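See below for the structure under consideration.
Order of listing sets the numbers, starting from 1, for every ligand and every atom in it. Position 1 is the first residue of the sequence, and the numbers go up from there.
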Amino acid sequence: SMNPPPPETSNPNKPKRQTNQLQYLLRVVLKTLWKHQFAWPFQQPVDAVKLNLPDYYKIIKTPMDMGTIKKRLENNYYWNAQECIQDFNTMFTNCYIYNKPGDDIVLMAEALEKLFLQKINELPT
Ligand SMILES: Cn1cc(-c2ccc(C(=O)Nc3cc(-c4ccccc4)ccc3N)cc2)c2cc[nH]c2c1=O
């Protein structure tokens, strides 16, 4: 179909291990953004069919969304905090390169990104 399969969220042969930073990314970063009033465009993969964005997956080579990130954190998919930070960055990049700068969706992403950056600047060592 027009939409790809969603990104993988389970890492079956990776050992499960906590880190301080991954705890922070789930319990502080993801939780804060997930509950934000503007989270809803970002809580699941973009549905190009329902949104009538037939070129979305032409332009966006690496789909990413917070529902995927949440599942990855809850499944201990990431080997390190930087992979998770990269996924957040990719999500925001996708929004900014696809949508018009004045789109309400872009303005919502910018508010979430500011909060993301504020929390990441306090990432523990
Ligand atoms: C990342 N992203 C997401 C969306 C998007 C937009 C809308 C939705 C969505 O769930 N839309 C929706 C909102 C309400 C709603 C929200 C607030 C108040 C009232 C009603 C209801 C139903 C639906 N389907 C998802 C996703 C999008 C649209 C154009 N470009 C992008 C983009 O880059």
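Listed for the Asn121 side chain is a donor-acceptor partner under 3.5 Å among the backbone atoms of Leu117. Judged by distance alone, with hydrogens and angles left aside, the side-chain atoms of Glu122 form no donor-acceptor pair with the main-chain N or O of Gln118 at under 3.5 Å. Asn3 places a side-chain N or O within 3.5 Å of a backbone atom of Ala48 that can act as its donor or acceptor partner.
Polar contact check, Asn99 against ligand 1: a nitrogen or oxygen pair lies under 3.5 Å apart.
Heavy atoms only, all atoms of each residue included: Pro54 and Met2 are closest at CA-SD, 3.8 Å.
A heavy-atom separation below 4.0 Å is found between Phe42 and ligand 1.
The pair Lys114-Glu110 fails the salt-bridge criterion, with no side-chain N (NZ, NE, NH1 or NH2) lying under 4.0 Å from an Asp/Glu carboxylate O.
Across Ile105, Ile97, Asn94, heavy-atom proximity to atom 32 (C) of ligand 1 is greatest for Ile105.
Annotation for ligand 1: atoms under 4.0 Å from non-hydrogen atoms of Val46 are 1 (C), 2 (N). Remark: ligand 1 atoms within the under-4.0 Å shell around heavy atoms of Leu53 are 29 (C), 30 (N).
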